[PDB]
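Residue numbers (the numbering used here), protein chains in the order written: chain A, 1 to 242; chain U, 243 to 569; chain E, 570 to 727. We put the CB at the ideal spot given by N, CA and C, even for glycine.
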């Protein structure tokens, strides 16, 4: 038995073929169909191990290991042990070829991570603009459970590029936070004209209220930046027109 | 290695090792002469090296973890000393610190004498992949909580400090599937306790996210408790979700309930923004601020009345009695 | 044996100990439903497994423990008792619906998780008053506003 263990270690693909024929003859004859629960457990554990292999390969890239694993028949839809899909992982590390192969492989383009991140979020945080474009052209969206407060925290961080990636992916920049708060209010209170302009490029909501019962006009005029108040007033008038 | 050895004599014409089959015994040549022979892609065998004195072959297979690069046939009567691969692995595992020198000196030879065993491809990537795959499978083991298997894997030549490639510590892996004893003696291996991952999630932040009390106790027992660059942000999100288990759980490690948010929003301010009376004052009982002026510059009482509850202001004043006595 | 495996957090242990043929509705001397034991000790796996097998959480009282948990405000326990589908529209030691208790507390998130399962917002109490009256009595009118938000459909029926 140990010798066969070494032989399957050096011939893992032939071991996969062995288990395939074992399944076929289990459904064929009345020898292996007896006590098939452990066989199902074994094939599940094996496929989990192959999922680890394919996710590590995509972590390093390895398009050649990608064709090796499609030859091995490992599950592409399955994520890694931790709970991160192969497309999320390929978004986290810059690899366009891996992402397009995953798209062609039927891997779910839009999915949540173990902690609940969309692949677009991984691309945005890791600076993968190309992966963001590929996800957009495929049609994936964030669908984050806390999109509002995440947008507000991004605004508080002040990173313009992060929110521009979010807008390119398609998120409503003025999405209400947990306490029905519009990020335009904190954006105007901070006073950075860049993010107010960015917030109104995709369509701001000055009409939308906040937890304070305030308006972005009031926050902008409290900050004192004249151009900020001017732009926010223009967007408020645009909202009032429609 | 010496105490486990055997000699053997081969007459001319025999083949000691075929390139096709995996090695099981590696042979040290002490007398006689023998020839190294890779199966040539032209459809023939050619010739590589004539290994007569104080030389061994088959080791490069035990390092590269692949088939034999060369078939090896004898030339004349040769006195060969033979060791099995199993005992070599079983001594490499216990003598792994002495085992590093094996791959080190074999590669520096492959650099110095390229005609010996360099005619193939790189091997350092293969050993790195062995280590990485062992790391992934010990991650799976920690997800499975096999104390015996995990101990055997770690003592078989594993570095406990190597976490998930993103950064999920083995504490993450044992806690995510609910393993307490696994978490404890895996963290007693010397692995770092503040191993924040790719995301910046603390081992204790992961524990509070995944909902396990045992890891909550254990990580505080070891030290390097829940730390973060943001305290009131996740606190306010959890208060909004109203996950009382998570609320007490973040407060269990003692994370600051008087901290700030994306703006100057204390978690007590968020609790006043919600409305209830039980969780609301669990933050000020740990030291949250009821006079923390917000980004506007107003005390939480003002937002408490703004949201639509004066009951809230009454609770805030019940907490503020001592402060007003100080005031 | 489900109690013993669940108390120390064992999922696979619980499942094949329960596939041995042991009864699934084994209330103890205290009358603690195994699923009740699971909701008391805090384990999700047993929650799933016992419903998978059958003979789910059953009790002679539903609103009593629900009201006590609402008073304790254990949101995990609140969702957990509601996870098995135990009646949130039941009664108490008196005719005190769990929705009435939620109105007696004051908050807005947990309060309407019981009527989303089918709790009664017109359940007259032992006095004989709708929960709106106790909601205003406790000192909150927006509680009545939430109750009316739920009661819009009933008033359309009314």
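Check, Outcome
"Chain U contact for residue 644 of chain E (CB, 8 angstroms cutoff)", "yes"
"Below-8 angstroms beta-carbon distance, residue 211 of chain A vs any chain U residue", "yes"
"Short-range partners of chain E found in the region 510-527 of chain U, where Cβ spacing is below 8 angstroms", "516, 517, 518, 519, 520 and 521"
"Per-residue DSSP class, three states only, for residue 705 of chain E", "helix"
"Of the residues U/276, U/301, U/243 and U/310, the one placed nearest residue 264 of chain U, counting alpha carbons only", "U/310"
"Inter-residue Cα distance where the pair is residue 633 of chain E and residue 699 of chain E", "19 angstroms"
"Below-8 angstroms beta-carbon distance, residue 474 of chain U vs any chain E residue", "no"
"Cβ of residue 658 of chain E within 8 angstroms of any chain U Cβ", "no"
"Those runs of the alpha helix (DSSP H) which lie wholly inside the region 570-631 of chain E and span at least 4 residues", "571-576, 581-587, 603-610 and 613-622"
"Residue 442 of chain U at chain E interface by Cβ criterion, 8 angstroms", "no"
"Assumed close pair residue 461 of chain U, residue 435 of chain U - CB separation to whole angstroms, cut-off 8 angstroms", "6 angstroms"
"Residue 726 of chain E - containing alpha helix (DSSP H), residue span", "711-726"
"Residues within the region 359-381 of chain U neighbouring chain A, beta-carbon criterion of under 8 angstroms", "374, 375, 378, 379 and 381"
"Local conformation of residue 299 of chain U per DSSP, three classes", "strand"
"Residue 324 of chain U - containing beta strand (DSSP E), residue span", "320-326"
"Which listed residue (U/492, U/329 and U/556) has its alpha carbon closest to that of residue 473 of chain U", "U/492"
"Under 8 angstroms between C-beta atoms of residue 501 of chain U and residue 211 of chain A", "no"
"Status (buried if at least 16 other CB within 10 Å, exposed otherwise) for residue 247 of chain U", "exposed"
"Inter-stretch contact at 8 angstroms, needing at least 3 Cβ pairs: the region 246-262 of chain U / the region 313-326 of chain U", "yes"
"Backbone CA spacing between residue 388 of chain U and residue 81 of chain A [nearest angstrom]", "16 angstroms"
"Cβ-Cβ distance between residue 458 of chain U and residue 494 of chain U below 8 angstroms", "yes"
"Run of the alpha helix (DSSP H) containing residue 16 of chain A, from where it starts to where it stops", "12-28"
"Beta-carbon proximity list for residue 138 of chain A, same chain, < 7 angstroms, skipping 5 on both sides", "103 and 109"
"Cβ neighbour criterion (16 or more within 10 Å) applied to residue 292 of chain U", "exposed"
"Residue 305 of chain U versus residue 371 of chain U - alpha carbon distance", "12 angstroms"
"Amino acids of chain E, ordered along the chain, whose beta-carbon sits closer than 7 angstroms to that of residue 420 of chain U", "578"
"Distance CB(residue 642 of chain E)-CB(residue 553 of chain U) smaller than 8 angstroms", "no"
"Partner residues on chain A for residue 393 of chain U, Cβ-Cβ distance less than 8 angstroms", "The contacting residues do not exist; residue 393 of chain U stays about 19 angstroms from chain A at best."
"Proximal residues of chain E, C-beta to C-beta of residue 550 of chain U below 7 angstroms", "711"
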